[PDB]
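This report concerns only the one structure given below.
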Amino acid sequence: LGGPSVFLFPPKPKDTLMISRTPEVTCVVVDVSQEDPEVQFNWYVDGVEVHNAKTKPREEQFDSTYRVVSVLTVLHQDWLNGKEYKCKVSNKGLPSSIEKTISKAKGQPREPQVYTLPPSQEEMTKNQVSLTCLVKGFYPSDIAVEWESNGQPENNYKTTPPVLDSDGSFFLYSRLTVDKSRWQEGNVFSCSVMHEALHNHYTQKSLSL
Amino acid sequence: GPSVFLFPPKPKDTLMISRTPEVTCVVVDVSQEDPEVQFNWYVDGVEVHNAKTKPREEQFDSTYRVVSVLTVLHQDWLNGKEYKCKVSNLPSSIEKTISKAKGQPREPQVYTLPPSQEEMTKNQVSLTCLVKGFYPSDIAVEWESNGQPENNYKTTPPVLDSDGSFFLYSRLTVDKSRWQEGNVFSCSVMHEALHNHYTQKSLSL
C-alpha cells in the first residue's frame, strides 16, 4: 500500500570498536508526501526512551517526496552488550506508527586469528609486490583492517568482504601493494585488525623480509 | 502482476568446452486464472528458437513459476552478444536483456602462498591462492591434489582494484599432517583472458 517507508541502520563496525570515533544508529524515512510532511521520532534503548537524538530537516527528493533522517549516538559498550535499539516513526502519510528494532549480531563471539603472508617469489619480478594479511575464524562479521609502517598509515590496500566458513565463522584477506624497493630494503609492515573478540578489541601482526 | 528475471550463464560453463552454458528466463507470480505464458528469445536482435521451456510449477503462494532456458554458444557470450527475453502473459509484454561485461580482458596473475608458521600450532592449515589483475570479474577457482579434487576451500568474491581490474583470494584448508608430509597442492584458475582458458600453480612444502 501507499505511504512512507522506514529503515534502521546499525553503526559502522569501525566506529563501534574505536573509542575515538562515534557509533550511530540511524533511522531514515523515505517517500514522505508533500501533503503531509511532518514527521516525529521516538527512540528506545531496551524499552527505555532516550531523547539525545538529532533529527535533520526534511530533504526534498527529485520526485517531490521527502527524506527525513534521525540519528542516535550510541555507547560502544552498550551496542556490544547486545542492547536493543528501537525507532518509532509517526506520520500522517502512514496508517499507524511503525516501529523498527536493530541490535548487535547474536551468537558466541570468536577471536580472529591473524597471519601475515610474504609476497610470492614469482611476484618479485613485477615492479610492486603484494603483502597479504589473513584474518580467520572470527564471529561476528563486524571487523576492521588497516595497515601501518613506521607509525604512519599505509593507504594503498584493499580488503575482501567477510566470507562465511564451514564452522560458522568468517574469514577475509587484506592486500597491501608496496613498491618492491621498500620491501627489499627490509621495511616492517604491520597489519592492524580490530574486532570485539580480540583482547582490548585490537591486535597487530608485523611482516618483513 | 508477474515479474521477470534473466540470469547469465555460469562462468565455468562459458570457459570449459566440456560444459554447456545457458541463459535462464524466470517468470514468477503467475495468477492461477492465467497460466498461459509464451517466450521469445533474441540474440543481437535476431530471434532464435532453440530454447526449452519447463512446465508451470505451482507455488505455496497459489501463484505459478515458469522457467525458460536457452543454450548459448561459448564464443558468442565471450564476444559480448546480447541475449534478450520477451515474456507475454494481452498487449503487455515485459523485456529483459543481458550480455557480457563491456571492456578489454586482462589476464590474471596467480600466486600460491604457504601457511604462516604461526598457523602450524593448529590442527589444520591454510593454503592461500592469490589471483589478481584480471578483467572482467567472470572467473572460476578450484583445487586439486595428486590429481584428485579438493573440496574444503572457500573463495572470496572478486574485489575491484585501483587499476580497474579485480582480485580475489582462495583458501584451501588441509590437515597439518597432509601438508607436513610434503603433499603437492595446486591452484587452478579459469579465465577468458588465459591461454586455453586455464592455468595452474603448484604449492607444497
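For the C-alpha cells, the naming scheme is as follows: chains receive sequential letters (A, B, ...) according to their order of presentation, residues are indexed from 1 within each chain, and ligands are indexed from 1 in presentation order.
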List as a tab-separated table every residue of chain A that is in contact with chain B, defined as an atom at most 9 Å from one of its atoms (using only C-alpha atoms), together with the nearest atom pair and the distance in Å rounded to one decimal, sorted by chain and then rising number.
residue	atom	partner	partner_atom	distance
A:113	CA	B:119	CA	8.6
A:115	CA	B:116	CA	6.1
A:116	CA	B:116	CA	6.7
A:117	CA	B:116	CA	6.2
A:118	CA	B:113	CA	7.9
A:119	CA	B:113	CA	7.7
A:120	CA	B:111	CA	6.1
A:121	CA	B:111	CA	8.7
A:122	CA	B:111	CA	7.2
A:123	CA	B:111	CA	7.3
A:134	CA	B:128	CA	8.9
A:157	CA	B:161	CA	9.0
A:158	CA	B:161	CA	7.3
A:159	CA	B:159	CA	8.0
A:160	CA	B:159	CA	6.4
A:161	CA	B:156	CA	7.4
A:162	CA	B:156	CA	8.0
A:163	CA	B:156	CA	6.4
A:164	CA	B:154	CA	8.5
A:165	CA	B:154	CA	7.1
A:166	CA	B:152	CA	8.6
A:171	CA	B:156	CA	9.0
A:172	CA	B:156	CA	7.4
A:173	CA	B:169	CA	6.9
Can you tell me, as number ranges by chain, what residues are no more than 7 Å from residue 111 (chain A) when counting only C-alpha atoms, ignoring any on the same chain fewer than 3 positions away? A: 137-138, 197-198
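Take CA of residue 86 (chain B) and CA of residue 12 (chain B): the distance between them is 26.2 Å.
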Would you pick out the contacts of residue 30 (chain A) at 12 Å or less, using only C-alpha atoms, so that residues sharing its chain but fewer than 5 positions from it are not included, and give the list as a list in words? residues 2, 3, 4, 5, 6, 7, 8, 37, 39, 58, 59, 60, 61, 62, 63, 64, 65, 66, 67, 68, 69, 70, 89, 91, 93 and 94 of chain A
Keeping only C-alpha atoms, take the residues you just selected and write them out as a compact mmCIF listing (two decimals), in the first residue's frame.
# COMPACT_ATOMS: atom_id res chain seq x y z
CA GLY A 2 0.93 3.66 -0.34
CA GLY A 3 2.85 5.61 2.28
CA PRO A 4 6.40 6.29 3.56
CA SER A 5 8.96 3.57 4.32
CA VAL A 6 11.16 3.25 7.41
CA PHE A 7 14.74 1.94 7.53
CA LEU A 8 17.01 1.46 10.56
CA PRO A 37 5.46 16.13 5.63
CA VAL A 39 7.46 13.52 10.98
CA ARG A 58 13.28 17.20 5.59
CA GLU A 59 15.24 16.89 2.35
CA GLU A 60 13.13 17.03 -0.81
CA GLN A 61 13.89 14.17 -3.21
CA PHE A 62 13.79 14.57 -7.00
CA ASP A 63 10.17 13.41 -7.17
CA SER A 64 8.68 15.95 -4.72
CA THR A 65 8.80 13.35 -1.92
CA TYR A 66 10.77 14.00 1.27
CA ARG A 67 13.53 12.18 3.16
CA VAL A 68 13.82 12.60 6.92
CA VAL A 69 16.67 11.19 8.98
CA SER A 70 17.05 10.79 12.73
CA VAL A 89 8.00 6.86 13.39
CA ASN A 91 3.34 10.48 10.21
CA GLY A 93 1.06 9.53 5.38
CA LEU A 94 1.11 6.32 7.42
Report as a PyMOL selection string all protein, DNA and RNA residues lying within 12 Å of residue 17 (chain B), evaluated on only C-alpha atoms, omitting residues in the same chain fewer than 4 positions from it. chain B and resi 11-13+21+72-75+190+192+196-198
Those same residues, written as a PDB file, in the first residue's frame with N, CA and C atoms?
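Writing the result to again-v1.pdb gives the following:
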ATOM      1  N   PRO B  11      30.070 -18.802 -15.083  1.00  0.00           N
ATOM      2  CA  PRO B  11      31.419 -18.507 -15.584  1.00  0.00           C
ATOM      3  C   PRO B  11      32.198 -19.749 -16.019  1.00  0.00           C
ATOM      4  N   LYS B  12      32.061 -20.842 -15.276  1.00  0.00           N
ATOM      5  CA  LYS B  12      32.762 -22.077 -15.603  1.00  0.00           C
ATOM      6  C   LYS B  12      32.209 -22.709 -16.877  1.00  0.00           C
ATOM      7  N   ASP B  13      30.904 -22.575 -17.083  1.00  0.00           N
ATOM      8  CA  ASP B  13      30.250 -23.147 -18.256  1.00  0.00           C
ATOM      9  C   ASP B  13      30.694 -22.470 -19.553  1.00  0.00           C
ATOM     10  N   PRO B  21      26.909 -23.705 -21.566  1.00  0.00           N
ATOM     11  CA  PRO B  21      26.368 -22.520 -20.893  1.00  0.00           C
ATOM     12  C   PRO B  21      24.932 -22.215 -21.305  1.00  0.00           C
ATOM     13  N   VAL B  72      23.492 -21.320 -25.169  1.00  0.00           N
ATOM     14  CA  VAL B  72      24.254 -20.328 -25.913  1.00  0.00           C
ATOM     15  C   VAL B  72      25.610 -20.878 -26.346  1.00  0.00           C
ATOM     16  N   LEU B  73      26.151 -20.310 -27.419  1.00  0.00           N
ATOM     17  CA  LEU B  73      27.463 -20.698 -27.918  1.00  0.00           C
ATOM     18  C   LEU B  73      28.560 -20.014 -27.110  1.00  0.00           C
ATOM     19  N   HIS B  74      29.580 -20.784 -26.735  1.00  0.00           N
ATOM     20  CA  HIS B  74      30.665 -20.298 -25.881  1.00  0.00           C
ATOM     21  C   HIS B  74      31.295 -18.995 -26.372  1.00  0.00           C
ATOM     22  N   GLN B  75      31.624 -18.940 -27.658  1.00  0.00           N
ATOM     23  CA  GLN B  75      32.282 -17.766 -28.226  1.00  0.00           C
ATOM     24  C   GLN B  75      31.333 -16.581 -28.371  1.00  0.00           C
ATOM     25  N   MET B 190      40.387 -20.592 -14.035  1.00  0.00           N
ATOM     26  CA  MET B 190      39.852 -20.476 -15.388  1.00  0.00           C
ATOM     27  C   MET B 190      39.351 -19.063 -15.664  1.00  0.00           C
ATOM     28  N   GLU B 192      38.821 -16.120 -19.165  1.00  0.00           N
ATOM     29  CA  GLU B 192      38.766 -15.980 -20.619  1.00  0.00           C
ATOM     30  C   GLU B 192      40.061 -15.430 -21.211  1.00  0.00           C
ATOM     31  N   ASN B 196      44.206 -21.085 -23.472  1.00  0.00           N
ATOM     32  CA  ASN B 196      43.429 -22.302 -23.221  1.00  0.00           C
ATOM     33  C   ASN B 196      42.427 -22.140 -22.077  1.00  0.00           C
ATOM     34  N   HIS B 197      42.140 -20.888 -21.719  1.00  0.00           N
ATOM     35  CA  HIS B 197      41.206 -20.556 -20.640  1.00  0.00           C
ATOM     36  C   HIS B 197      41.531 -21.271 -19.330  1.00  0.00           C
ATOM     37  N   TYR B 198      42.815 -21.517 -19.079  1.00  0.00           N
ATOM     38  CA  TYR B 198      43.207 -22.338 -17.939  1.00  0.00           C
ATOM     39  C   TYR B 198      44.674 -22.179 -17.559  1.00  0.00           C
TER      40      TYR B 198
END
Go through B:39, B:23, B:10, B:204 and flag the residue nearest residue 174 (chain B), using only C-alpha atoms for the distances. B:204
So which bits of region 8-106 of chain B end up helix (DSSP H, G or I) when you DSSP the backbone, as number ranges by chain? B: 11-15, 74-78
Please identify all polymer residues within 12 Å of residue 22 (chain A), counting only C-alpha atoms, omitting same-chain residues fewer than 3 positions from it, and present them as a list in words.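 Final neighbour list, sorted by chain and number: residues 11, 12, 13, 14, 15, 16, 17, 18, 19, 25, 71, 72, 73, 74, 75, 76 and 79 of chain A.
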What separates CA of residue 181 (chain A) and CA of residue 200 (chain B) is a distance of 28.6 Å
Using only C-alpha atoms, which residues sit within 9 Å of residue 43 (chain A) once same-chain residues fewer than 6 positions away are excluded, as a ChimeraX atom specification? /A:49-53,72,85-88
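When only C-alpha atoms are used to measure the gap to residue 55 (chain B), the shortest distance among B:38, B:87, B:137, B:70 belongs to B:38.
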